[PDB]
Amino acid sequence: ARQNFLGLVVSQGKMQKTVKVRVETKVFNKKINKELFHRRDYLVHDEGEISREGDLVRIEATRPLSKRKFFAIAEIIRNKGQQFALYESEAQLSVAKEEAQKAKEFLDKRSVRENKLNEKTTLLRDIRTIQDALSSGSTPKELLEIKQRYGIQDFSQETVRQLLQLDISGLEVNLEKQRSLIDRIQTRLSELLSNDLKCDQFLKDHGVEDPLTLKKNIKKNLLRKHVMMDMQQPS
Amino acid sequence: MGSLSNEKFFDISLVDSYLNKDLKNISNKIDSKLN
Amino acid sequence: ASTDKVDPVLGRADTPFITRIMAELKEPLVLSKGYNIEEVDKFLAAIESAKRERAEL
Amino acid sequence: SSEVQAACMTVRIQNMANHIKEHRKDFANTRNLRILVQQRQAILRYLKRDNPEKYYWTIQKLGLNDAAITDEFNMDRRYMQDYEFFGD
Amino acid sequence: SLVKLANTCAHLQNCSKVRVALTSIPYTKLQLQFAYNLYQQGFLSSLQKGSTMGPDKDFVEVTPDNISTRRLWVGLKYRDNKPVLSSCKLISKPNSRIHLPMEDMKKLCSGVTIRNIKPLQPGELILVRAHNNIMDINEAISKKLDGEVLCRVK
Amino acid sequence: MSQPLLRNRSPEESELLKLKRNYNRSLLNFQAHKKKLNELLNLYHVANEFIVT
Amino acid sequence: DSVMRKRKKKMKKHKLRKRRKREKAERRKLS
RNA sequence: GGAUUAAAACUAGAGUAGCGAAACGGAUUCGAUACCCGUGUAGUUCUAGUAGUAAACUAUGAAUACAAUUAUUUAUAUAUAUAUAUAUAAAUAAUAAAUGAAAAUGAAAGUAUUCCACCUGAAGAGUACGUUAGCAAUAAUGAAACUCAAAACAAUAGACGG
Ligand SMILES: [K+]
Ligand SMILES: [K+]
Ligand SMILES: [K+]
Ligand SMILES: [K+]
Ligand SMILES: [K+]
Ligand SMILES: [Mg+2]
Ligand SMILES: [Mg+2]
Ligand SMILES: [Mg+2]
Ligand SMILES: [Mg+2]
Ligand SMILES: [Mg+2]
Ligand SMILES: [Mg+2]
Ligand SMILES: [Mg+2]
Ligand SMILES: [Mg+2]
Ligand SMILES: [Mg+2]
Ligand SMILES: [Mg+2]
Ligand SMILES: [Mg+2]
């Protein structure tokens with residue numbers, strides 16, 4: 001049959017309807033006693049100009065098409081070259097949109113900081129008026145303004161404590177919950193495995209059919225999936 | 001002592017108990033006990 | 001000569017990502033060592049408030 | 001991730017390039033800059049093979065192009081003169 | 001990896017020279033098949049799975065969590081003040097792999113130097129890899145298999 | 001010889017592994033954050049001795 | 001190579017340098 | 001392919017104490033274009049460049065896996081009846097094995113694997129010619145003819161040593 005080769009497109013878009021394909025064949029080199037790969041670039045006809053640099057293609061022998069062209073593209077085995085072209089165009093649009101959004105979020109942050117620098121009022125001073133007015137009874141209009149600078153309509157000892165909250169405090173509680181879950185899951189499964197009877201019951205209670213007839217790994221995974229379905233789904 | 005310390009140069013325990021309603025929920029607790 | 005000659009070291013001039021990060025480092029109240037001014041103002045106010053509460057117990 | 005590594009290298013490359021522009025005789029740190037730029041090329045070349053979509057997105061955001069990444073680069077004297085690294 | 005196999009063959013030679021009774025090799029399928037053939041052929045006293053610190057006494061399932069710390073532990077044999085496993089060399093090298101048809105393997109076992117491979121000697125073991133299985137050359141000839149001539153052990 | 005060379009992690013094992021690893025990274029970040037605040041507190045205590053006016 | 005053998009190369013280099021100085025001088029007068 | 005690259009040297013502009021090719025003198029000597037002494041120019045210094053060479057040496061390319069000991073430091077870690085002790089690495093020194101023409105190497109010059117550079121008798125010769133590069137000195141590349149049966153290394157025993 002017609003001689004067919006597999007190769008990588010190494011040049012495209014330089015000649016009209018012609019691409020350069022790199023074909024590698026296996027040969028034996030008697031001198032060094034080693035089976036080597038021999039490489040050759042083929043000028044190949046691309047009637048539809050579909051192939052792109054980087055594509056893996058199969059080329060088939062044809063009639064003479066020019067001084068040096070004797071093969072044509074017969075199939076695109078892998079279209080990595082075509083993918084490269086599509087992803088580059090999308091990237092330009094995708095990145096422009098993201099950069100526009102980030103540029104607007106930077107100017108907004110700058111405006112807020114500039115606005116705050118125009119308000120001579122300071123947190124410490126404001127928190128020293130909400131704690132003196134709340135301990136003296138005075139209600140100068142500054143407080144009403146302070147009830148707008150911060151949004152704190154009510155001036156109580158439990159409102160300054162909520163104006164000065166630090167994110168670290170929230171992190172400290174999320175971390176304790178995370179540690180609890182892991183510790184509970186491990187103790188639960190550890191105990192369950194120690195008692196085969198309580199384990200068999202555990203599985204049946206959660207909806208396993210004849211858990212007794214199961215393997216150690218085929219069933220410990222069920223136990224693990226259940227212990228993690230009784231401490232993460234209920235919570 | 002932590003939050004309930006007498007040192008002039010205290011640690012972050014005191015500031016944490018304040019923002020966690022502990023130095024206040026203990027002051028009331030002690031006072032309620034005194035009552 | 002019509003090729004897109006992009007500096008392989010510094011990249012295209014006026015890249016929005018490069019410029020914005022540079023600008024952020026030169027903002028008025030940027031702090032070092034991982035501190036942010038907003039967290040430092042609340043923390044310093046909390047110290048004062050916390051001291052008053054410890055002086056009211 | 002390769003995209004993060006390239007971005008982190010970009011920051012250091014930008015800082016080191018600024019140093020070199022003021023210390024054009026500091027060949028020790030010029031060599032360090034060259035190696036770092038080549039390291040960034042290496043990580044991005046792998047990214048193009050591993051996740052082409054992310055690759056093209058990353059280089060566009062960093063201000064580079066495919067040629068800057070694939071082509072052999074030595075940051076040699078001709079580069080310093082063709083891109084006016086030191087100015088005048 | 002043929003490189004890993006080369007490392008193991010050299011390692012066994014080094015251990016034999018000093019006459020250590022027990023040593024470890026990397027934990028991989030190829031290494032395990034290689035060691036198992038040596039064990040069945042009487043070159044190794046023992047073959048145990050284990051860790052970086054020693055052979056396992058009780059079965060330890062291998063998983064991604066501990067794969068990096070796994071090792072294969074092999075016992076070397078010595079009789080009459082001579083090592084049983086004196087030499088261990090690759091035939092098919094990383095930079096020059098040798099694939100032979102069953103016809104050429106029969107010539108190699110018959111005294112004919114094929115592709116510069118010295119023929120099989122009395123009491124020597126030549127291993128062949130076919131479809132990712134390692135077997136003695138005589139067994140490959142029995143199964144009419146063509147394969148890569150990996151190494152020779154004496 | 002018949003034993004499989006490697007047993008892949010079950011989906012559940014990978015979930016518990018990710019929980020521990022996320023916890024490890026979060027705990028270290030928190031401990032560094034708290035250390036920095038404790039240094040900011042000890043610097044506030046001495047800033048009365050520093051001159052800015 | 002030993003010092004003894006190095007000395008043979010040393011002599012050849014000296015004679016080449018001596019000849020090139022001699023040629024230079026001539027060029028100066030002939031120029 | 002690129003970059004950097006001692007000393008000498010070169011192109012400009014500064015500097016010039018001391019040192020110091022050369023040169024001119026003083027000695028020594030049978031002679032002394034030397035060794036020693038004097039006066040001491042270039043140079044040695046700085047700035048901006050050219051050039052890319054050294055016994056540029058460990059005369060030993062880089063990477064990886066691995067093999068028997070001791071000593072001594074260093075580092076990290078651990079413990080305590082708190083200052084040592086126990087661990088794991090690195091460096092250095094002396095070694096086993098192994099290798100080697102031997103001298104010796106010693107974690108490589110050992111056991112192996114991968115990649116690069118390089119060699120194929122002496123002399124002619126790193127010369128000639130050409131080419132490329134440089135302001136230049138030069139640098140890189142780099143032969144053949146003729147002639148010979150030499151030529152070289154480690155080690156041994158002598159002889160000799162102002
Ligand atoms: K035609
Ligand atoms: K090269
Ligand atoms: K001078
Ligand atoms: K030296
Ligand atoms: K090399
Ligand atoms: Mg690299
Ligand atoms: Mg030599
Ligand atoms: Mg001058
Ligand atoms: Mg003199
Ligand atoms: Mg130069
Ligand atoms: Mg020279
Ligand atoms: Mg040289
Ligand atoms: Mg030197
Ligand atoms: Mg390296
Ligand atoms: Mg020359
Ligand atoms: Mg000798």
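Within every chain, numbering begins at 1; the chains are lettered A, B, ... in the order of the sequence lines, protein sequences first and strands thereafter.
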Base paired to H:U132 (Watson-Crick or G-U; both N/O distances under 3.5 angstrom)
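Checking every strand shown, H:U132 finds its partner in H:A139, with both distances under 3.5 Å.
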Using Watson-Crick or G-U wobble geometry with both distances below 3.5 Å, tell me the partner of H:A85, or none.
H:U78
Would you say H:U64 pairs with H:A112 if a pair means Watson-Crick or G-U wobble with both distances under 3.5 Å?
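Under the 3.5 Å cut-off on both distances, the two nucleotides are paired.
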Find the distance [X]:[atom1] to [N]:[atom2] and express it as a whole number of Å.
X	N	atom1	atom2	answer
D:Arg31	H:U5	CZ	P	13 Å
D:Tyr79	H:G1	OH	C1'	18 Å
E:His11	H:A68	NE2	P	9 Å
D:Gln38	H:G1	CD	P	17 Å
E:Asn14	H:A67	CG	P	7 Å
G:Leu16	H:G124	CG	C1'	14 Å
E:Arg19	H:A96	CZ	P	19 Å
G:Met4	H:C153	CE	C1'	14 Å

Report which part of the nucleic acid [X] touches: base, sugar-phosphate, or nothing (heavy-atom distance under 4.0 Å, all strands).
X	value
G:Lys15	nothing
D:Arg24	nothing
D:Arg78	nothing
G:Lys24	sugar-phosphate
E:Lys89	nothing
E:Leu2	nothing

What distance do [X] atom [atom1] and [Y] atom [atom2] have between them, rounded to the nearest 0.5 Å?
X	Y	atom1	atom2	answer
D:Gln60	C:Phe17	CD	CZ	13.0 Å
E:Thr23	E:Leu72	OG1	CG	11.5 Å
E:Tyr27	E:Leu32	OH	CG	7.0 Å

Under 4.0 Å between a side-chain nitrogen and a carboxylate oxygen: does that hold for A:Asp41 and A:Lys20?
no
Is F:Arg25 positioned over the aromatic face of F:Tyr23, cation under 6.0 angstrom from the ring centre and no more than 45 degrees off axis?
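Cation-pi check for F:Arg25 and F:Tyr23: fails.
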Here's a test of your reading of the structure: between E:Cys15 and G:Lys6, which maps to the more 5' nucleotide of RNA chain H?
G:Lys6
